[PDB]
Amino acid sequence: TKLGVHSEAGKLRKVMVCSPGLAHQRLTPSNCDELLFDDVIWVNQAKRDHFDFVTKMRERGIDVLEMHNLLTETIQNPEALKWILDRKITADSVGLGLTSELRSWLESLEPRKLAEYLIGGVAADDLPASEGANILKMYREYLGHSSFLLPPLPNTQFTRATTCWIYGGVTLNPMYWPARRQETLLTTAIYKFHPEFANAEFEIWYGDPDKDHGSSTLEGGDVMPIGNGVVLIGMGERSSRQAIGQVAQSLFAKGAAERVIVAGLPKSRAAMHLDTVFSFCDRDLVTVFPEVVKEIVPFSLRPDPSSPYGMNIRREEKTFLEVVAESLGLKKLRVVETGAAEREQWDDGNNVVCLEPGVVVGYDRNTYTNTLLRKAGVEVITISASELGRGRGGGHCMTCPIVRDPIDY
């Protein structure tokens, strides 16, 4: 099968999402900052809402893969479970008094259940009667320690972050926060052992859960394979120049890209990702956050054998929207700003995901921008942000495209 993403707007055939669960069920007002999650959510409500989102896509014919599912089938293959536990349960991560007990117990479990735990973490409490456990019940009960043997990954809800399908291949994103790399591990197991991937054909442009990656960090929200051989990558607080360059390089080498346009995010407004200020709705229509987009500094990165490092780089003086338009053959892009005149209230229209040109999934709370997009010709199918939006991320953050056709530029 030919997996690959050749756009942002063209018809999405296959996507991967992940429903909230045990991760979020372990969330408290006191532990969410350290667990990297915005705020505590009504988990059963959010599970529902997600199922709604998911179903509106299946309804439209899109194949929609849920991470818990995939993880579950994956774990049933003994080799793949071992590949994970070998990496997740070590002396360094769990402690020498707990390695064995923890691992045997996890292995004693049911596939579905064991997946919940892998994504949702394990508490000393969940462990079967024993001592190594009590010692943790003890540090928790006497010092105020985290009661976590395996820290929960609520950020899995955001499938966009972890991996990036750029044309005919994927990246295994080195995540900023060490903690979050646990997510990338689980997702690699799936891409490595799951039936639907192991046998599919695709490349691996960058990333390796085995290497450390150092100062090199790359994040999903920042990556966009827009078609026409071009790729946009945001360089900010989360995706570094030392990662982007290695990706470009790996790309130009397999002849996978022609040009990579680095969207330089200014330090101020660089505490975010590209897809948080810039989004495609149609082949030539984007929603934009001005204050940041008018300040983004574009750089065209193109291969070159005249270079020992094989690439050439230039700062464009044209604006990002102009550079982006011209990269697509387009005169300019039609732009809907979002995030003072008609706005009944404040709202931020970005991060809506595309199902196909002109058809978008957005948030019900963004009624102002939503209208603006309809007037501009886009069908907006909404979903609830009461619990899902307490993550600031939108449908684009809750999706990792896997298969999606391109368009004529």
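One rule holds for the numbers: they count along the sequence shown, beginning at 1.
Answer with none, 1 to 3, 4 to 9, or 10 or more: how many deposited residues between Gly245 and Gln246 are not present in the coordinates.
Gap between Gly245 and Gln246: none, chain continuous.
Taking the mean of the C-alpha B-factors per stretch from the entry, tell me the winner out of 128-136 and 161-169.
Per the deposited B-factors, the answer is 128-136.
Read off the CA B-factors in the entry, average them over 394-402 and over 13-21, and name the higher stretch.
For C-alpha atoms only, the mean B-factor is higher in 394-402.
Looking at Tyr176, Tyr142, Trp205, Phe197, which one carries the largest C-alpha B-factor according to the PDB entry?
When the deposited C-alpha B-factors of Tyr176, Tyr142, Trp205, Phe197 are compared, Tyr142 is largest.
Which one, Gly214, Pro225, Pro154, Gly339, has the peak C-alpha temperature factor per the PDB entry?
Within the set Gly214, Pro225, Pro154, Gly339, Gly339 shows the top C-alpha B-factor.
Where does the C-alpha B-factor of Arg269 rank in its chain, lowest, middle or highest third?
For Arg269, the deposited C-alpha B-factor lands in the highest third.
Please place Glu356 in the lowest, middle or highest third of its chain according to the CA B-factor in the PDB entry.
Middle third of the chain for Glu356's C-alpha B-factor.
Looking at the C-alpha B-factor of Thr28, is it in the lowest, middle or highest third of its chain?
Tercile = lowest for this residue's CA B-factor.
Please rank the C-alpha B-factors of the chain's modelled residues and tell me whether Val43 sits in the lowest, middle or highest third.
It falls in the middle third of the chain.
Relative to the other modelled residues of the same chain, rank the CA B-factor of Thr369 and answer lowest, middle or highest third.
Its C-alpha B-factor, which the entry lists for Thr369, ranks in the highest third among residues of this chain.
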